[PDB]
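Shown here is one chain on its own, the form deposited in one PDB entry, set out as structure tokens.
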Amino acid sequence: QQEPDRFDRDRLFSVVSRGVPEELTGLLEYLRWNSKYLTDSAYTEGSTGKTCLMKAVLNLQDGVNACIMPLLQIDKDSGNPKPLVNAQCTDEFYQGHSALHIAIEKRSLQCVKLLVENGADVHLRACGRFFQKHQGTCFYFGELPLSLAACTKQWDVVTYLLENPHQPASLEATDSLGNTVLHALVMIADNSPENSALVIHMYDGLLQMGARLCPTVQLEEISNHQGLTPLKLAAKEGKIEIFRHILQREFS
């Protein structure tokens, strides 16, 4: 008894950035003694700021951080009602970013898997506050982890987000503009011959999965906040090439 050693934020962030989990011993003991969680202001860069898990994901080696599992375990064992996994960062650079968003943004499937396997909400919303404003690291990708993976051309990630048995991500989910992943692709698309080809490939792939995962729901008839289906939006936005593609699919 009569313990345990102080484990401040500075030290925790140093260890998670380097990657070695063996130096996290004593953290659980301290947290529990003082009834503290890794989501408290004391352990984040300002209340509402980076959690230690986001710091872990921001420092990848080979696509993984060996701290992520130990960290998510410590949080579980500490009795946190609001799991560290679903915490969202919101500072000068980030806006509603979960570790999941960062994991997808860092193009790491093994890290995405790892997070989803430990109760990550695949429906948290990032970059909702900023809409064609150049402020932080935020851009429009449709503010949904699935949309992000699709807009960033990561099929293997899209595949896993839709199929995994832990937390499947619905294709029917919409962002603050009522925009589905299909809408987001139309938006994200420039009218380059190379880019349009890749967006079409991704677009089609999701409808294939649409037929398998939600066969009853006609994804392409889903209208957004301005009363636009992906077809209508494609015309409004002047994205001629992919508008030409959605058109043909309708006339079959």
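Residues that one form lacks are left out of the comparison. Think of the rigid core as the biggest set of C-alphas that the two forms share within 1.5 Å after superposition. Residues carry their position along the shown sequence, with the first being 1.
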Lowest, middle or highest third of the chain for the C-alpha temperature factor of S98?
lowest
Chain thirds by Cα B factor, record data; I222 belongs to the highest
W155 CA temperature factor, ranked by third within the chain:
lowest
Splitting the chain's C-alpha B-factors into thirds, which one does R212 fall into?
highest
Would the CA B-factor of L28 place it in the lowest, middle or highest third of its chain?
lowest
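Although not depicted, the form deposited in another entry is the subject of the following passage.
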Can you spot, among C127, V157, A87, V122, the one with a CA shift of 2 Å or more between the shown form and the other one after core superposition?
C127
Once you line up the core, how about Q167: does its CA shift reach 2 Å between the shown form and the other one?
no
Please determine whether the C-alpha atom of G178 is displaced by 2 Å or more between the shown form and the other one following superposition on the rigid core.
no
Does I74 move its CA by 2 angstroms or more between the shown form and the other one when the core is aligned?
no
Versus the form shown, are the CA atoms of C138 and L109 closer or farther apart in that other deposited form, given a shift of 3 angstroms or more?
farther
Looking in that other deposited form, are the Cα atoms of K133 and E237 closer together or farther apart than here, the change being 3 Å or more?
closer
In sequence order, the stretches of at least 3 consecutive residues present in both forms and shifting by 2 Å or more at each Cα after core superposition between the shown form and the other one are 90-95, 127-138
